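Notes follow the structure.
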Amino acid sequence: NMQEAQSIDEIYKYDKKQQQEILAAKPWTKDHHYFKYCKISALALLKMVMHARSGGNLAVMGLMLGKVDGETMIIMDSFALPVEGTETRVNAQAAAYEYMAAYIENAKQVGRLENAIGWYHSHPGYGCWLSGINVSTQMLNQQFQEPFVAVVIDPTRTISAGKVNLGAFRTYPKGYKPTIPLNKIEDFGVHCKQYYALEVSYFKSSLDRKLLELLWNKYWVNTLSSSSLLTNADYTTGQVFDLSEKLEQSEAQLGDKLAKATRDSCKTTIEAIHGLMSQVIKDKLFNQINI
Amino acid sequence: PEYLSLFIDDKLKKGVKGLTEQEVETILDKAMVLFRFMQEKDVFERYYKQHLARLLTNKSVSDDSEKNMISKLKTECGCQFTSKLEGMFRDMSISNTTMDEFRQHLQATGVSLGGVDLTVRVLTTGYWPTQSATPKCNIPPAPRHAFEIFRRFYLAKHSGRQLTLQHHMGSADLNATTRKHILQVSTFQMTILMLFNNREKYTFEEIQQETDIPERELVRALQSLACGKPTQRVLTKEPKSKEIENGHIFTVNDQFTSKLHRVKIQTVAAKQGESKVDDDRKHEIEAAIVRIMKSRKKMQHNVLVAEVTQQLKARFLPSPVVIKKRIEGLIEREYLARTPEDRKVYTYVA
């Protein structure tokens, strides 16, 4: 069951005509919040993470390759740049651009049919947000290269907490505003009203899943007995709290959001039913032997 | 600014010409508005210190005019330097009141060694400028005992402090020879004459052996006691020469000459005033610059000052004043140009 292109690998197709039609029509010119979804390949995340950690506490960055399907940015590769940078400020003077177009020209022959879809930057341990000059960077990147998104990575937070600190951001055009609050400015920038985040999800290939499932498990009291359904109790409480506001906004709209709210609630209920199933299978495995 | 301080000192020194306070206060208003368009008041106030150090002598000022001008300066300047000049004035006033108290104590409890007049004018160390560690010139017996009893009195009352008597500055008079003439000497000359007294035929090496006379500032006094004296001609040396190295023998002579009974050698004050930090300053500048760009830590208004001095290993190198001036001059463009009204956002951790 590998020769056929399943629903998992169907995203690995680069249709030149469809992308050309999308880039010619330009539906994003009218709707400012046109893009919402950001799908990212696994290996891009891997290369990004290893490049961020290889530089240590020095900021590193690169250009990513991908396409756009409707309102979803599908990124299929990451790439490193030969730049010199400090903890907070970088230049990318000439070496990056001497290894940017040359890399594209080289990749045109190996089989890489993708083009520039955005850039990722590593912020070492000071949040996932668009800086005061990075917002202008995405300003002039989007003003002429409309299919585009800025990716921000925190290496220190990911390496310490254990969760991927990834953020996909796009900015509003100058003039589109819709005194600063004290809760949306610490997790964002001082120009938080000038940019918004996009939902981020990842995809992989069928052979990737097959290799992962046979790589190494052990994980008997590491996964099969790990206080499941309980470790993310704070996550579930936060989710069940914000579904209240989601449903109340949906009801106000009724007096569409409701499908999104139902999907959001279904995700949590399915996750915790999976936790219950794991607990039940553990009970049937260990407790009920040798009565 | 040195010129402005010179002009202010010259105008305030001689209040006979234009004793009206209106013209003086209009001059001070002009000086204040001229200083307003200018900056860098640190050199301005260190020059104030230099001129007022060489107030230590006879007042020859108006006092209340200085109080008025310093009050009008503090109205628009603030604290620290204005407060230390207020400390100057408060120190002088409390010194004169303590002198009055000591005189009252001497009158109440009679002390024979208090017959000599004492005009102790103790100062403070945290506000007044410092010159050096000062020498340890020997004190004659009677002044030594008078200062000892004054020290004993001052260790009483309010305790917790000592008095390190200096010798760089001071005004004294002495009765000499024949009509008795009153001469004016300044500390070192007093001890030199006292040593001359008990035995004649005293040479320079003998004086230098047991007086702890200074080395660098000795040059000014050595060429002031002779080599260009006025018509008074109180004392001369038999080795008449421009330079006197080691063995010029001094002699005591009557030399009555002038009939004036208040001959003074204050003229030496009118002529004695005439006439590697590179690596340290480079290191300080580089440290300040790397601290201001590198830190970028979350601050509101003061924790940045804490972390910058935390980063350094040795102290007195930070010197928070340089951080203050750097962050003050750092507002010229976008970076560190945040709102004074709400000093909350400071690029946070970026």
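Note on naming: chains are A, B, ... as they come in the structure tokens, residues start from 1 per chain, ligands start from 1 in the order shown.
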Using only C-alpha atoms, find each residue in region 222-334 of chain B having at least one atom no more than 12 Å away from region 34-44 of chain B; report its shortest atom-to-atom pair and that distance in Å (one decimal), rows by chain then rising number, as JSON lines.
{"residue": "B:321", "atom": "CA", "partner": "B:42", "partner_atom": "CA", "distance": 11.1}
{"residue": "B:325", "atom": "CA", "partner": "B:40", "partner_atom": "CA", "distance": 10.2}
{"residue": "B:329", "atom": "CA", "partner": "B:40", "partner_atom": "CA", "distance": 11.8}
Using only N, CA and C atoms, please write the residues we just selected to a file, as a CSV table (one decimal), in the first residue's frame.
chain,number,residue,atom,x,y,z
B,321,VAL,N,26.3,56.7,36.9
B,321,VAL,CA,26.1,58.0,36.3
B,321,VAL,C,26.4,57.9,34.8
B,325,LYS,N,23.7,58.8,31.8
B,325,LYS,CA,24.0,59.8,30.7
B,325,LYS,C,23.9,59.0,29.4
B,329,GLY,N,21.2,60.2,26.5
B,329,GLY,CA,21.6,60.5,25.2
B,329,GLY,C,21.2,59.5,24.1
Compute the set of chain A residues within 12 Å of chain B, using only C-alpha atoms, and express it as a count of residues only. 27
Contacts of residue 148 (chain A) within 8 Å, only C-alpha atoms, excl. fewer than 3 positions in-chain, as a PyMOL selection string: chain A and resi 117-118+141-142+145+170
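Using only C-alpha atoms, the shortest contact distance between residue 60 (chain B) and any of B:87, B:15, B:78, B:143 is found at B:15.
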List the spatial neighbours of region 271-280 of chain A as a VMD selection string - criterion: any atom at most 7 Å away, only C-alpha atoms, same-chain residues fewer than 3 positions off excluded. chain A and resid 228 to 229 267 to 268 283 to 284
Taking the DSSP secondary structure from the backbone, can you list the residues of region 80-271 of chain B that are strand (DSSP E or B), as a PDB file with C-alpha atoms, in the first residue's frame?
ATOM      1  CA  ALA B 172      46.759  82.349  61.268  1.00  0.00           C
ATOM      2  CA  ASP B 173      48.516  85.368  62.746  1.00  0.00           C
ATOM      3  CA  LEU B 174      51.662  85.687  64.836  1.00  0.00           C
ATOM      4  CA  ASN B 175      53.274  88.377  66.980  1.00  0.00           C
ATOM      5  CA  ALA B 176      56.899  89.041  66.011  1.00  0.00           C
ATOM      6  CA  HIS B 181      54.398  93.496  64.539  1.00  0.00           C
ATOM      7  CA  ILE B 182      51.475  91.221  63.662  1.00  0.00           C
ATOM      8  CA  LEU B 183      52.287  88.926  60.726  1.00  0.00           C
ATOM      9  CA  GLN B 184      49.899  86.735  58.739  1.00  0.00           C
ATOM     10  CA  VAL B 185      50.953  83.151  57.983  1.00  0.00           C
ATOM     11  CA  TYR B 202      68.747  76.687  61.252  1.00  0.00           C
ATOM     12  CA  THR B 203      69.415  75.218  57.802  1.00  0.00           C
ATOM     13  CA  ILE B 249      71.213  78.027  55.697  1.00  0.00           C
ATOM     14  CA  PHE B 250      68.430  80.276  56.982  1.00  0.00           C
ATOM     15  CA  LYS B 264      50.561  90.231  55.802  1.00  0.00           C
TER      16      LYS B 264
END
All residues 12 Å or closer to residue 152 (chain B), only C-alpha atoms, same chain fewer than 6 positions away omitted, as number ranges by chain: B: 102, 145-146, 158-159, 161-163
For CA of residue 171 (chain A) and CA of residue 135 (chain A), quote the distance in Å rounded to one decimal.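 Computed distance, CA of residue 171 (chain A) to CA of residue 135 (chain A), equals 7.0 Å.
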Any chance you could list, as a ChimeraX atom specification, the residues in region 57-268 of chain A that come up helix (DSSP H, G or I) when DSSP is run on the backbone? /A:95-98,101-110,134-144,155-161,192-194,206-213,233-254,257-268
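Counting only C-alpha atoms, region 6-10 of chain A has the following residues at most 12 Å away, ignoring those fewer than 3 positions along the same chain: residues 1, 2, 3, 13, 14, 15, 41, 76, 202, 203, 204, 205, 206, 207, 208 and 209 of chain A.
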All residues 9 Å or closer to residue 81 (chain B), only C-alpha atoms, same chain fewer than 5 positions away omitted, as a list in words: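 Result of the neighbour search: residues 42, 45, 74 and 86 of chain B.
Going from CA of residue 2 (chain B) to CA of residue 26 (chain B) covers 20.0 Å.
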